Structure formats: structure tokens, C-alpha cells
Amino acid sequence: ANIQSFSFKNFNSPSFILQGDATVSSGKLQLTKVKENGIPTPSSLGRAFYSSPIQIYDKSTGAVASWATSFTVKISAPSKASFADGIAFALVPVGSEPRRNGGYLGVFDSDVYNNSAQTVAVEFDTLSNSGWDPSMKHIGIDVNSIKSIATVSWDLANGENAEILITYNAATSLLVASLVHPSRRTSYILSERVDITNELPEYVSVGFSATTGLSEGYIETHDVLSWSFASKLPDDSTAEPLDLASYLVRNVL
């Protein structure tokens, strides 16, 4: 079995691939632009990936990897400003470049399924786009399109911390994402099946992608305060779910 993992509480470093307005300051990962006084900026776009590619599966052996990630984000909107556009955890092709800004979170080009996009993302959408979004602020699983295949309402606590944990169990082909606002003792969960070998390439780059609104009053910040990732690729077809018990304590908590 092949294993790769990491856990960063502090951010300074070449261990990441930054694109767009993504930057590292005060040890935290700032995905979108921010003025000197600290207020967010419109029409922004930033992405950030681990410098080492991860193997999601192996065509030759039939092995599919089980992985898991957890990170803490802090989304803040200025006093009287509205939220937009959101942040997404994504698995993209290795050389990949940003895509459509605004409501496309910098990861997709359309709301129609396009297998060739080879991108899967878990989004935390803070602005409802009438063309494809549900009426509320939600969490959703996007498979090669900006139109999620499953969503759940989400009550975004402005400025408060968010603890996210996403996992993919190869044994059941299930992708589960959960969110918790410790401050409010509120918690959300969502799960759906995904045939990962069909949607993504053998190797992918894992990281984040965020965007702000295209207008003056639709802005917010996207700070990643910490990030953990673990992936395990077996040798035979026989998949083996990960050990989240040992993972969270050895990594998150």
C-alpha cells in the first residue's frame, strides 16, 4: 500500500502551489484578495494545492484509494455586505489552471455535466445562483459541473470558525462531508455515492479554490486556519477503509 499524508497548523512555505490571489500571511492561508485595512475585494480568485500529486487509484491493479481531509475555515463578510461567492475543496488534474470566477468558484466552466473537466469538489456555497443553486446557503458535492448532485442547507455563522471533515471510503464508494460550528454547537452532514475512477484521472492535485462576488457588495474572506490530509492506496482490488479514529487524534484534535 502507498500512503501520503500531512497536517499543517502553520502556513509559511513552498509546500504549496498558489494560483490567483491566494497568499500566505501570518501563517494562515488566504485564498482571496484583501485590502490592507483587511476588507475583502470583489472579482477575486485564488487556488492552493499541495505540491505533491496524489494517486486516487491504479488502472493496472484495480486498487482505489480511501482518503480523508479536515480543515478549519473562517469566512467573514464586512458589516452591511452580502456573502459571495464561496469556497470549495477540490480534486483537480495535476497541471490544471483556474477556471470561471464568481459563482463558478474557479473550478468549473458550466452547470452541465462534462466528464472531460475531470474535477470533483465539495463546495460551501455562500450565494444562491438562480440558474443552478438551491434557495439557501448550502454544502454540496459537485461532480464535473457547478450544479451539485446533492446538497444540504447550511447556516453560515459570520466570522465564526468552521470545522470541516470529508472522507471517501472506497469500499462503499461513499463520499461524506460534515461541518461543525463549535461556537453555535450546530452541525451538518451530507453523503452521496461517487464513482471516483470514472470522474477523475489516476493522479490529482488536492486543495482549495475560492472566489468573491463580482459586485461591490458581495464580498467575504476565505481563511484556511489548518489542514490535514491522508490517503491510502492498496495493492489489490480489495479496498480498505481508513482509520478515522487514529486519523483525527493523530491529526485534527
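In case it trips you up, residue 1 is the first one in the sequence shown, and so on.
Student: If you average the Cα B factors in the entry, which is higher, 153-161 or 136-144?
Tutor: Going by the record's values, the stretch with the higher mean is 153-161.
Student: Determine, for stretches 226-234 and 20-28, which one has the higher mean CA B-factor as deposited.
Tutor: If you average the C-alpha B-factors of 226-234 and of 20-28, the larger mean comes out for 20-28.
Student: Per the PDB entry, which option out of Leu174, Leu179, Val73, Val112 has the greatest Cα B factor?
Tutor: Answer for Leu174, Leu179, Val73, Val112: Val112, with the highest C-alpha B-factor.
Student: If you compare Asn169, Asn101, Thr119, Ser130, which has the highest Cα B-factor in the entry?
Tutor: Checking the PDB record, the top C-alpha B-factor among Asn169, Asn101, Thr119, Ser130 is at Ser130.
Student: Hey, what third does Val94 fall into on Cα B-factor, ranked over its chain?
Tutor: CA B-factor rank for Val94: middle third.
Student: Based on the deposited C-alpha B factors for this chain, I'd like to know if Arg185 is in the lowest, middle or highest third.
Tutor: It falls in the top third of the chain.
Student: With respect to C-alpha B-factor, does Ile3 fall in the lowest, middle or highest third of the chain as deposited?
Tutor: Answer is lowest: the recorded C-alpha B-factor places it there.
Student: Going by the entry, which third of its chain does the Cα temperature factor of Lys59 land in?
Tutor: Highest third of the chain for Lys59's C-alpha B-factor.
Student: Sorting the chain's CA B-factors, does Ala210 end up in the lowest, middle or highest third?
Tutor: As the PDB entry reports it, the C-alpha B-factor of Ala210 lands in the lowest third of its chain.
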